[PDB]
Ligand SMILES: *[C@@H]1O[C@H](CO)[C@@H](O)[C@H](O)[C@H]1NC(C)=O
Ligand SMILES: *[C@@H]1O[C@H](CO)[C@@H](O)[C@H](O)[C@H]1NC(C)=O
Ligand SMILES: N[C@@H](Cn1oc(=O)[nH]c1=O)C(=O)O
């Protein structure tokens, strides 16, 4: 079986974090998960633990009530997170609520199970619009906004930089498909041609991404910008295919939140990602998490089982006498090693902690609306009713960890803002992400001089020169036209269609109207 | 909730050999490390040998170095301690204990015990 991160308490809350990577396509049926993950894994687990410690310490939030947890590996895989959710359901101390998981596609698979047992789920990174259906997903909520905004923002970015003929790639799954189809419905309505829409799984082989990159160079040179509604490793695979083929620098990738500022995606293939514009969600680094995490040591921390593996992996050494020692690494772990070296905090850590607080404050509102005087759990919440917990969680009005009031709408979604990033070079051979814009409630603000300072053109046809040249569409696509001139008697009515002057009249010098022949 | 059973002990002559077994109940024995330690009457308890949760990497006390060997078959879900050329100072109650999460052995947090097998080495 899989080891779990256990913590006792008067109320145990479930958690699903991607401690390991998705199992290799070879051993998928075996469900043998891949390498350990820090930001989406270990860090989120320790955040769960410490946040529950704080909720216990806090006398205002849930007084006389201890919060325990059962933290299980999601592996960013539907089947693995579903087996572990079954291990949550195994009882029917019961699991009151569930936090996570990461991928919207996996979150649906989990929700489908949890809803049957009235267990409210709160996702930190699942953004898909389909999860806004509360008839399909009654007991689902998320602290991040629907992707109907992020798609609109991506469309607005395409609009601002006068891009019309674009290629479109998305990760095969609910997140990618929902986002891409919303981008299709919005861009096409706003007059943006989609050269071709491509879908690929994140764990597809090298040859598969090579084929994808070749199919992307099929539309070159017209369609250079690639609207990517791709999670992480999909963008990474694209960059690695650009290294393999040599098609680097020829495209411009417009990534979604799957590649917000993730260094694990661009590290090692920096030149290939240069110029890429991506979308992040408004999550300021949670101050007190770094103070807890960076002080952690493998000798001290003994509640996270994977911390031994993760410590041996991040430093690539073997913890000499420790229990879960792995002989693989040729080096031995020194006492000088510390996490502060090359520390990169999880981008969505704020949402993780805010979701844990969402569950806590929902339980507290239910506590006050059922056991007013009794300090702690009374006989009315023995047992805790899941339906009442959902009704109290939807009506939660609290101030978040980022100093911003978190609230939930009718569809169980939370409001959100986005930061637009750019992977440019900050110096010779050095590359890093930089904030270049923002998107909130429709308004898109950008610093246009920071992105290019150099400009890129991704259109299928250059605007017809003013004089008399009309826009005549080609064989198939709208944005593809052939600038054809007008007859001497014809004046240009509108950009698209030409109109002829009647007998005696003749087109004016500006070719906007007619004028009598002298 | 894992339960351990010790076996293999008894009584042996001076310089003889004796092999020790310890079996665990339930899965996730592969997730726990294992360490045998002995305790004699009056004397305080001494950590004998230890093997990592994955196996392969082993540690021994200076007293039993070059004399004992600890091993484990995870498929059998069992750990073993072969005590070649025993001495009279080895007479004690040997215990087998599981430890997920420790530090450099002998510093481990043992969070499961076993019954205990009595080993008597006659002069
Ligand atoms: C987009 O096109 C408009 C109209 O030609 C022009 O005024 C604007 O400067 C262009 N912006 C960019 C970024 O090309
Ligand atoms: C949250 O509760 C406070 C206190 O009752 C109230 O003043 C505030 O309006 C509430 N938030 C919203 C969005 O109504
Ligand atoms: N928003 C994504 C979640 N996600 O995918 C990644 O690669 N990173 C990340 O946060 C989804 O809804 O599936």
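Residue 1 is the first one shown; counting continues down the chain.
Including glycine, each Cβ sits where the backbone N, Cα and C put it.
If you look up Swiss-Prot, you'll see A:40, A:104, A:125, A:126, A:127, A:175, A:257, A:348 marked as L-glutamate binding site. Taken from Swiss-Prot, the feature disulfide bond applies to A:33-A:75, A:193-A:479, A:228-A:230, A:317-A:333, A:371-A:378, A:460-A:480, A:464-A:483, A:486-A:498, A:501-A:514. Look at Swiss-Prot and you will find A:64, A:162, A:330, A:334, A:397 tagged as N-linked glycosylation site.
Highlighted here are the recorded positions (A:125, A:127, A:175, A:257, A:317) whose C-beta falls below 6 Å from ligand 3: A:125, A:127, A:175, A:257, in sequence order. In terms of C-alpha distance, the listed binding-site residues A:125, A:257, A:348 place A:257 closest to residue A:483 (disulfide bond). In this structure the alpha carbons, written CA, of residue A:501 (disulfide bond) and residue A:127 (L-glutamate binding site) are 56 Å apart. Look at residue A:175 (L-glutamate binding site): DSSP puts it in a helix. Taking the C-alpha positions, the distance from residue A:330 (N-linked glycosylation site) to residue A:40 (L-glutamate binding site) comes to 27 Å. Binding of L-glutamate is attributed in the record to A:40, A:104, A:125, A:126, A:127, A:175, A:257, A:348, and the widest Cα separation among these residues amounts to 17 Å.
By the rule that a residue counts when its Cβ sits under 6 Å from some atom of ligand 1, the recorded positions A:40, A:317, A:371, A:378 yield nothing. In this structure, A:397 are the recorded positions from A:126, A:378, A:397, A:460 whose C-beta falls under 6 Å of some atom of ligand 2. For the gap of 24 residues left open between residue A:92 and residue A:93, the distance from one Cα atom to the other is 10 Å. Gap check: residue A:453 and residue A:454 flank 3 missing residues, and their CA atoms are separated by 6 Å. If you measure from the Cα atom of residue A:257 (L-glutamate binding site) to that of residue A:230 (disulfide bond), you get 8 Å.
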